[PDB]
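Both blocks below hold the same protein chain, though in two forms, and each is given as C-alpha cells: structure 1 and structure 2.
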Structure 1
C-alpha cells in the first residue's frame, strides 16, 4: 500500500503545556500518523509512533468546550491524551469518522497481594505509579497502575531502558510491572557531587545516546521527556531511563524543546534537545535557563540562548551548542542520520558504540549498594 492523506484541515489543538487553544493544520495519512503543523506544511521523514492513531479511542464531548473530540492512545505503558476542537459539529464528525476508519484500518495468576507497596512515585489522571516490592523475589519494581476503562512481546529489552517485565490486570485496573534501579536517582547523584567530570558525563551521555538510537530506529518512537529526573543508575552504575510517565491535568518546562513549547511538529530532534539539557547540567552543575516567570522561562528557551562556562571544554561546547539548537532542522541529530550525527561527534571520540551497548565501558561511579535489594538509596 502507498501512504496518502486521508483528511487534512485546520483544527484547534489544546496546548500540552499551555491551557490555550492553538490553530494547527493537521494531516491524517493512511499510515495512521495524525500530525499538526503551525502553518500549512511544506510539500516536501520516518514514521513516528507518537502520532499514530493506532489502538486509540475517540471521544466526542462538549466540555470544556463544545465540538470537542479527544483522541486517547495507549503508547507502550502510558496513556496519552490529545484534545481537539472544531467550529461546527459536522466537521468534528467527519474528522472522527476519518480517524476511526484509519484506526480500525490499521488492524490489518498474578495479583495485587503478591506485591508490597512502599512509595507512591507518581499519580496521574488515568492512573498512578507505585514503588513496589515483590514478596517472593524480594526485589523492587515500579508498578504502573492504569484504569481499565481507559503475548510476550519482550523483544523490547535494552540495557539502558527500564524493562517492562510483565503485565496483569485486576478487576478495574491494568498494572505494568517494570524494573526499578536501586543505584539512586541521578539528580540525587549530580546534586551530591555538584558537577560531573567531562568524561563521566560522556559515559552517561553515551548510554543515553545508545538508548535514544534504539527508540528511534527500532521502535520509531520519540521519548520526548528526556530530563535528569527520568534517569537512574543500576547497581553496577549504568544508566536506566525510566518509564514512569503519566498524564496530569492542571522549572517544569525547562527540559522542553522549543518546537514542543510552540506545539509545532516535533520529531526525533526533541530527544537530542533533552539530551543537551541533561548533559549541560552534568558538566555545568546548572540548568541552561532558570528564571521563574513562565512567560520569561518560555521566552528564555524560545529566543534566548545558552551561555557556556569557561571551565567547559571546546569539544563539549560544540556538542551542547548543536544539541541545544532552537531549530530542529539545524539541531545535532536532527537530520536523517539521527543518533549517528551525535555518535560521530568529537566529544565521543574514542568511544566505540558496540561496547557501550554491551556495557563494556567501565562505569566512572559505583553506587553504595551490596545488592539490588539494598534499600540504601530509598531511605
Structure 2
C-alpha cells in the first residue's frame, strides 16, 4: 500500500511546556500520518503511531489568537490534544477530519466498587475499583467523552512490565478503562527512604524499563514519552509496572527536543531512561531548579555532573542517554533499544531472561 500528501504547508504550533508560537511545516498522508517538521523537508520510513490522526475530532477558537484549530485523539487510553489567514483553517480542518474518519472506516459500570480516588485531571479521574465478582482490584481511568466524542486488541498488548488494560467500556457520558493495579508502591517512595541506589539495583529497574520500551517501540510502534520516577510501580514481587494514568499534563524528565517542540522520536524515551537511571544511581535529578526558565536552560544547555562513586560503564551509559542531540543519543539510532541492551553497563544480561522475570528484585514490597 502506498500513500500521497492530502495537504501540506506551514503551520503555527504552540509550545506545550514553552508556550511560544512556532512555525512548523506539516503534511497529512492517508495512512493517518500528520507530522510537523523543522522546515520544508525533501524526500517527504515508518512514523510512530503518535503522529497519527486516528480517532480524532477538531475544533476552532480565537484564543489566544483568531486563527486556530485543535485536535483531540484517543491514543490507547489517553486523550491528547495539540494547538495550532482564516480561510485555510476550514480546509486543513476539512482534510484532517476526512482522513481521520476515512481511517475510522475500517462489563458494565458496576461489577466494580469504588475504593478511592487515585488522581484527577483536565480530561478525567482515575479510580481504584474492586471487582465485585473477583475481589482483586483495578485502576479505572474515567475520561469524559464529551471532550472528545462530543476491540480486545488489549490481549496482544500484554507485557510483564506494563500495566495491562483488561477492560474498556463506554457508558452514558464516560469512557472507562480498567487497567491492572500493582501493589508494591512506586519507586519515588522507596528511593526516598533509600536516598540512592547501587548500580546493580539501578541496572535491575533500567533493564525492565528497556524491555518494556523495546516492546512499545517494535511491536506497537509508539513512543511512551512519559517516563518518570513516579510512573514506575512495583508489583507484589518487586518487578516494574509502568503506569498509564495520563489525564492531561502528566518536565524534569522531558528531553530537549520535546521542550523545544522540534521533531522527536524513539529517542525521547531513552533520554528519560537516562534521567530515571541517573536519578537512581545519584540520588538527584540530573537537571533541577525551582525556576522554570533555569530548568529548561539546564536541560537544553548544560553539562551533566557525575558523583565520584560512579563507575566508568554507568556514566558512559548515562552520558550517551542524556545527549542533547537525538540523532546522537544512545538508542536514537536505527537499532533503537538494541544499542542500549548492548551497552557495557548491561554486559552479561540475556534479555529473554529479563522478559521472563528471571532477574532478582532488589526490593520486595510487603504485600
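Residue numbers count along the first chain shown, from 1. Think of the rigid core as the biggest set of C-alphas that the two forms share within 1.5 Å after superposition.
Annotation: Cα of residue 325 displaced by less than 2 Å between structures 1 and 2, core superposition. Residue 187 shows a C-alpha shift below 2 Å between structures 1 and 2 [criterion: core-superposed Cα displacement of 2 Å]. After superposition on the rigid core, displacement of the C-alpha of residue 308 between structures 1 and 2 stays below 2 Å. Once the core of the two forms is superposed, the Cα of residue 163 has moved 0.4 Å between structures 1 and 2.
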